[PDB]
Each structure stands twice: as structure tokens, then as C-alpha cells.
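>>> no FASTA, just this:
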Ligand SMILES: [Mg+2]
Ligand SMILES: [Mg+2]
Ligand SMILES: [Mg+2]
Ligand SMILES: [Mg+2]
Ligand SMILES: [Mg+2]
Ligand code: NA
Ligand code: NA
Ligand code: NA
Ligand code: NA
Ligand code: NA
Ligand code: NA
């Protein structure tokens, strides 16, 4: 039953990786929803749409890298349903950015818990994997989203539709 | 409530498009599962894995094009859960190819029903969208998968592991 | 007696590094033996020979990097005899691949013990060195060897000499 | 009061980062002093001057990267006075190299304490940041300075002014 | 005790140069603080940050040129502590620009007093050094900062966060 | 039992080749030790280190060519332990060069005895192999090492650390 390659890879770590895969696919789905919200004719913020579509594809890449890791370590991928996102209508550029920030922090928290588990199970390869490929990416993503939210609020989003328009053009464009 | 762009776009068509989006995302998820099955150390068919990963990304593209369609027509995207695939373990290159063929035919059937609905609602734009972007793609994909299955069976898959090895190399490589 | 550069470098870590150097040189020697086994006129698998020769040189590189580390930290290299490999005759491509897999897992285990020691001695530079340069290399090597073994067995190695021939050509060539 | 981006970032870590920023700016100032000591007409070792000026700029870069980190994590930079260096006159190429070595080891010790704090506060992002960007840089810098000091002493520095002259030319030039 | 190169270089001029070096390093430190203030997630004006970082590096260059001068004339550099800047939080783009303008005028005044001393000590080399490298630089910098402040105020900074956003984009970007 | 390719290849020649393989691997190991001795922070002669590392790799190449020979003739490689070198500390550039010279002469003597055996067994292929690939290489290496030793001694090595420094720079650099 044991993979010929498996070494120093705890069942709890394997399970946590499967959970993280699902979470990354979920985040991808959330970003896809946001992107196409901004593609609506009654919202029409092309660069918001592009930004979130880019994030969606990036999250899918993160999930696939975790799947690759799972196979590298001799664990077995078990996929679960990808839940639909919490909203169909994201209301505004600012609200979408805040929800993205919240999502990224939730993903980061899950990654930190995964690192804690890896550390507890004395799995330095897994710890280094998380550090190298995920934790700094998360910190940068959170910082960028925070910068965006700060700018939007100072510009007067979301009540100033001019604010979101010019943000779309000058930051995201 | 009505989109400013909406014209000749029936509610039933909008709903059918949302269903098709979900089905395309589901197919993408199935192909992702198959790809990483072939990436397992105890299966180790790199070109099967690559082939199915390519199909997964292509299905995602199909879903995104349907979402773009929905917004172009002034319908509203409503996402649903993406169900996990039917299998974790796809057993063999041949079995995976047969399941892919079955999936593609199911997707094609849904597209045909969508076309029938479009036709019944006198929506020529939608009809030609389906015809141009989807139906021929499906026919080609089904033909290719059928060719693959035929070759694998004649080669002696799945009991002849040499068969799958050489197919991986010479057809998919 | 203390090196002018030495800082936060425990004697036990220095000794463990010297042991790892020896183990890496040993692995290099094993791979050299395997390579030239496949170069025999009665075995004659040129790409097996090339593959194992590449691995031999890579292991030598790993040893030299550990020696460089030892000097960087102000430890002192103490070399030991490099034991001859366990076999002169590696029997088959499959058997050689299995022995390589076993060897790589043994090297990985030694590296994990070294990381544990570094962690216990609060030596983050050494831990990061092991993580960055060794642990992922080992995981990849083990995964690749496992893929090779899986393919050979499915193809019918080692009784099917056609199996090894075609593997030599299509995977290793 | 809490930054919107802040997550898993302890106040003690924030304070330790501010201290490290100050220490890096201090090291930059020390190297600046040494550089321009060697630029004096009565010392006139152009390549010593260039070497230490390069080190000064590098230390400034290290400080700025720590400031960037502080903002990335949602901590707040608090700058302090940069103390003047301990010497105006560094006496000789050898003495300057020894003082540089001592300084670099002090910086390294501070970084190791910072890593210990990060580890104790379960901050893997901060630990990885220190490991990736600082610890190996410090080990290399210490090794290089030790090599320089060894060469100077063997050449006969600082009493052999020919020694320092030829070292300036052939190693640092 | 007298440098072999020293000629027509008064002790008072040497002391005034040392004071100017300190002032230039101080200005560099102020600009560094401002830059990283604008890099905060709750301020997030990337081009303000870049502008002030550029100014910081330029001020460091000015200090180093004065140190080079000191050695060229055969004076001796005596470094002092670099005081921390007056603020940690610069409040706004406009406020930072006004503080920068005030700082630059203070630096200019010190340069003018230095020139006056040079003139009084009949040091034409020093006078022309100041004139060539510093005074026009100061005049330009003061004019640029004044233009910036004027624009920000007319745009409605600092209460109009849109003002600072668009200034960051169109002037500083 | 006899290789299908074996022709005019005496068992005594096969055994002597196996001994020579071991001797070449031993020489490689000696040079590796010397190289990393010169890489020590308290020795710090980078070009000595590079020179001996080059020699180490060259000796490995010589061993591999002998292994290739063995298989070409239809003999069978039997590897033995590679003994650790006689010293951990090579004391000086001059002492290392003298030990290298002694080693090379020992290798040359073994080659000459091998040639004598080949000649006695009327093996012209083996004789010309030795002549073409080994004997002149040895003569050149011995001459070069002798030149190095002569220069070092005349320069005043090993008591004149300046001697070794300048030799490292100008001959080996
Ligand atoms: Mg505008
Ligand atoms: Mg074939
Ligand atoms: Mg790490
Ligand atoms: Mg010379
Ligand atoms: Mg003038
Ligand atoms: Na992610
Ligand atoms: Na499709
Ligand atoms: Na290795
Ligand atoms: Na530093
Ligand atoms: Na200035
Ligand atoms: Na040789």
C-alpha cells in the first residue's frame, strides 16, 4: 500500500495537502467569479476583470503545484467538490478587493497551519516547500491587495464611480 | 432589471448557458484528476498526464468563453458547485481514455440540447456561437479519443503495460 | 584552534557533515560502478550507462558542495575511505534502478537526520543549506527513480530484454 | 490600529526588525568610514577604498530590504540615530579587515537571534526571509573577510607596506 | 601632522566640510524615512516612495563627494552620529513635500554659509567646488519641490486623496 | 565465461588494469583533499584550490577511461575501496606540490609496470593505449609539478607567505 517513494511523509500532512489543494481551487473559483462580475455590461471595469482573472489562473497553478508535491512525496490526491463562491454580485471594485484580501488572508492562515503541522511532524522538505513557493507569495499578495484597498478608499470608492474608473485605468491598467 | 444590452435572449437560454458553464468546469476538473493520476509514481505515464492536463485547461477556456457569452448577451452568470470527479483512480491509460470519450460525448449531448433550445427560441446568434466554437471542437475531440481508444485496445492495453508505455511515447509524446 | 570564521557551528554538526561527505562520495562510486556495468559488451545498454554516469558526477558535485560548506563554516574536512559498492554485477536495468532508489532513500534519510541535528543545535544556516540544496533534489531523484522502476516493471523488465532495450531508447535516450 | 495586512507578525518580531534595520545602517556607516580612510593621501589604497565602499552600499541595501519587509508584514518602521563608527583612523588594511570581520560576525549574531525569535513566535515567513536573504550572505561575507585577513597576515601586513600594496592590487583589484 | 597635499585649506573650512557631510547624510536619512512611509500599506503611494528613495540616494552621493573633497584637500574626515528624522509618520504626500522643501532650503543655507566661509578664507577651489556641484543642484531641487507643493495644493491635497493619487501617477510616475 | 569480444587480453593484464583504476581514483581523492585544504579560511589560496580540483577531475577521467578500456577488451571491472589520503592538512602550497609530484611519479611507475606487463604478454593494443593516453600525460604532469616546486622554492616558499601568495596569483591564476 505504501508508495515506493514515500519517506518521512505523515498521513496528517498528506491530508492537510489535500485540504490545501481544495482551498486553492476554491480561491481560483472565487477569482473567476469576480473577474466575470467586472465583465458585466453594468459594471464594465475591464482591468478589474483582467486582474481577477489573472489571480484565478495563478491560484489554479498553486493547486496544481500542490498536486505535484503530493505525488512527489508518494501521497495520494483525493479531490473534493469545489464550493461555489459566497457572492454572485461583488458590488464594487473596492468590495471585491476587500473580499480578495480576506480570502488571501484565509489561505495564508491555512498555509501557516500546514507549516506548523509539517514542523511538528519533522518534515523539513514540506516546510521548505511551503516557505519557498507559498508563504512569500501570500505576503506579497496580501500587501498588494491592501495597497489597492487603501488607494480605492482614499480615492473615494465605491461611491465615487470616477474613483473606480481611474483606479482601473491607472493602477490595474 | 433587464440588461441594457439584452436582446432576443430568452431566460431559458440564459439558464442553459449557466448549466453548460458548470458542465465545462466539471469536465476541466475530471481532466485535472486524470492528469495527476498519470503523474503518480506507480503509474508514471508523463505524456498521458500532459495530454489530460492540456484537456483540462482547454475545458476551462471553454467555460470562460461561455461566461463571456453570458455577459455579452446581458444574461447573468450564476455559478454552482463543481462536483468532484467520479474516480480518484482511473486504473489505466485505456480506461482514462474511455472515460474521457464518455465525458466528451456527454458534453456534446448537452451542447446539442443547448443548440436545440436556441433554435426553438429563434436565437441565431446563440446557435452560431455553439456551432462555431463548440460543436466541431466536440466532434474532433470525440474522434481523437476514439482513435486513441482503438489504438490502445489493438496494442493490447491495459494488460500489456508495454502497450501503454509505447502509446505514451509515440502517440502522446 | 577555533577558526576565525566559525560561528554557531556545533562540533556534532561538523562531524555529521563529514559523514555526509563520505556518503555522497560513496553514492558517486556506486553510480560509477552501475554505469560501467551497463557499458559491458554482454549488457550493452548505452543510455543506462549514461544515466548512471550522470548521477555519479552529480553525487560528486554534492560532496564537493558539502566540503565547501564545511570550510565556509570554519569546520575541518576529515575524509575517510570510500567503500567499494555492494555489487560488481547489477544484474539488470530494473535491479540497478531499484538499488539506485534504495541508495537515494538512504542518502535522503541521512540528510533528514542531519537536518534534525541542525534544528536541534539551532543552526538555521545549516538547515536552510540542507533544504535549499539537498532535500528537494533528493525528493525529485527518488520520484524519478520510482517512475523508472514502475515503467520497467510494467514493460516486463527484467525478463523481457525487449523491455529494457526500449526503455533505454525511449526514456533514457 | 492593526494594519489590514498584518498576520502572524508578533510585536517582538517587529521590534527586532527595527533593531536590525538600525544595525544594518550602522554597518553601512562603518564601511563608509573605512572606505574614505583608505582614500586618504597618506594611506592611498584605492582598491581597499573601493571594496569597503561596495560593502557600505550593500549594507544599505540590506537595511532597505528589512524596511520593505517591515511594511510587507504590516509592522511600522521606527528609525533611530545611526551611531558614528568606533574609529576615525582604521590604522591599516589588515586592521580594517579584522574590524570588518568582527562587525560582520556581530551582525550575523543579531540575525541568528532574530531567527531564534521568529522560530519561537512560529513565524515561518520571517524565518525563511532571514535564511534566504541574510544568513548565507553573512556566512559568505565572513568567509571572504577571513580569507582576506589570512592572506594579509601571511603576506606580512601591516608592517610590510608592500604586503598591503600587492594585496590591494592582486586580490582587491 | 600636516597632510603633504594640503594647500590653502583652512581648519575652519575643514570643520565646515565635516558638518556639511553630516548634514547631507542626515538629509539622506530623512528621505529614506519618507520613502518607506509612502511604502506603507495604509499610504500606498509607490511613486512618492520611489521619488523620495531617489532623493535619499542622491543625498548620500552628495555626502560621499564631500568626503572625497575633504581627502583631496588633505583635510581629515570626522564622522558624527546621524540623527533620526523628526517624524516617523509624514502624514501626507503634500506634508512630505513641504518638509522636503524645508530640508532642502536648510541644506542650501548651510551651503551658502560654507561658500561665505570659503570666500572669507580666500579658497577659490572650495568656492568653485560648492558652486559647481552643490548650489545649482539645490536651486533646482528647491524649485522642483516648490512646483510639486504648488500642484498638490491646487489639486486639493491632502484632503483630496484623489489629488495625491493622480499626482503620484501623472507627475511622479 | 569468456567475453565474446575478448581477444589477446591476458588475465594478468585485466588484473593490472583494475589495480590502475583504483590507483587513479585514489589520486583523484588525494587531489580533492588538497584542493579543499587550500579552500580553508586559514589557508585561503583560491588558485591552489582550483589547480588541485582540476587535477582531481582529470584523474577521475583517467580512471573512467581505464574502465572503458576494460570493457572494450572484454575484461571485467572489479572495484576496490578508495583509501583516504595520507594527510588531512597539506601544510603549504610547496608541500602540496611536492606530494603531488611524488604521487604523479608513483602513478607513472605503475603505468610503466603496466606497459612492461602488456609488452611481455604481447598486447600491442594495450601498450599503445598506455603510450597514447597515459605516459606522455604523466611526463607532462611531472614536469609541470617540478617547475612549480622549483619556482616556489626559489621564491622562498613555504616560509615566505608572500611567495605562495604571488605564486597563486601569477602562475596558477
Ligand atoms: Mg486622470
Ligand atoms: Mg518502439
Ligand atoms: Mg527554509
Ligand atoms: Mg607582483
Ligand atoms: Mg565659479
Ligand atoms: Na494561493
Ligand atoms: Na468543452
Ligand atoms: Na546526493
Ligand atoms: Na548585512
Ligand atoms: Na544635497
Ligand atoms: Na592519471
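That came through, no problem. Residues are numbered from 1 along each chain as shown, chains lettered A, B, ... in the order given. Ligands and ions are numbered 1, 2, ... in the order given.
>>> Contacts only, for the one residue in chain A that gets nearest to chain F.
Relative to chain F, the nearest point of chain A is residue A:124 (26.3 Å; CB to the nearest CB). Every C-beta, even on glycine, is put in place using the N, C-alpha and C of the backbone. Applying CB atoms under 8 Å, 6 or more residues apart in numbering or on different chains, we find residue A:124 in contact with A:118, C:112, C:115, C:119, C:127, C:130-131, C:135.
>>> Please list only the buried members of the residues you listed.
With neighbours counted by 16 or more other CB atoms under 10 Å in any protein chain shown, the contacts of residue A:124 contain buried members at A:118, C:112, C:115, C:119, C:127, C:130-131, C:135.
>>> what sits against residue A:86?
Counted by CB under 8 Å, 6+ apart, residue A:86 has contacts A:30, A:99.
>>> Nearest spatial neighbour of residue A:75, chain-adjacent residues omitted?
Leaving aside its chain neighbours, residue A:75 sits nearest to residue A:14 (3.8 Å; criterion: CB to CB, 6 or more residues apart in numbering or on different chains).
>>> List the contacts of that neighbour.
Residue A:14 is in contact with A:70, A:73, A:75-76, counting by CB under 8 Å, 6+ apart.
>>> any idea how far it lies from ligand 5?
Residue A:14 sits 76 Å away from ligand 5, taking CB to the ion, to the nearest Å as the criterion.
>>> Likewise for residue A:10?
As judged by CB to the ion, residue A:10 and ligand 5 stand 76 Å apart.
>>> so that residue sits right up against residue A:121, yeah?
Yes. Residue A:10 is in contact with residue A:121 according to CB atoms under 8 Å; the separation is 4.3 Å.
>>> Name the residues of the helix or strand hosting the residue nearest to residue A:75 that are buried.
For residue A:14, the enclosing helix or strand under DSSP states H and E is helix A:11-38. Residues of helix A:11-38 classed as buried: A:13-14, A:16-18, A:20-38 (neighbour count, 16+ other CB under 10 Å).
>>> Summarise which helices and strands the following helix or strand past that helix is packed against.
Beyond helix A:11-38 on the C-terminal side, the first helix or strand identified by DSSP H and E is helix A:46-72. Helix A:46-72 makes packing contacts with helix A:11-38, helix A:93-120, helix B:11-38, helix B:46-73, helix C:136-155 when contacts are defined by 3 or more CB pairs under 8 Å, 6 or more residues apart in numbering or on different chains; DSSP states H and E.
>>> Try it again at 7 Å.
helix A:11-38, helix A:93-120 (3 or more CB pairs under 7 Å, 6 or more residues apart in numbering or on different chains; DSSP states H and E).
>>> Using CSV, please lay out these together with distance to residue B:53.
Below are the helices and strands packed on helix A:46-72 laid out as CSV (distance: least, CB to CB, whole Å):
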stretch, distance to residue B:53
helix A:11-38, 14
helix A:93-120, 23
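>>> Select, out of the ones you listed, the one closest to residue B:95.
helix A:11-38 (22.7 Å; CB to CB).
>>> chain center to the closest one, what's the gap?
Its chain's C-alpha centre and that of helix A:11-38 lie 7 Å apart, by CA atoms, centre = their mean, to the nearest Å.
>>> Can you name the residue of chain A nearest chain D?
The nearest approach of chain A to chain D comes at residue A:131, 3.8 Å away (CB to the nearest CB).
>>> For that residue, list the residues it contacts.
Listed by CB atoms under 7 Å, 6 or more residues apart in numbering or on different chains, the contact partners of residue A:131 are D:124, D:128.
>>> Touching, residue A:59 and residue A:29? I think so.
No. Using CB atoms under 7 Å, residue A:59 is not in contact with residue A:29; the gap is 8.4 Å.
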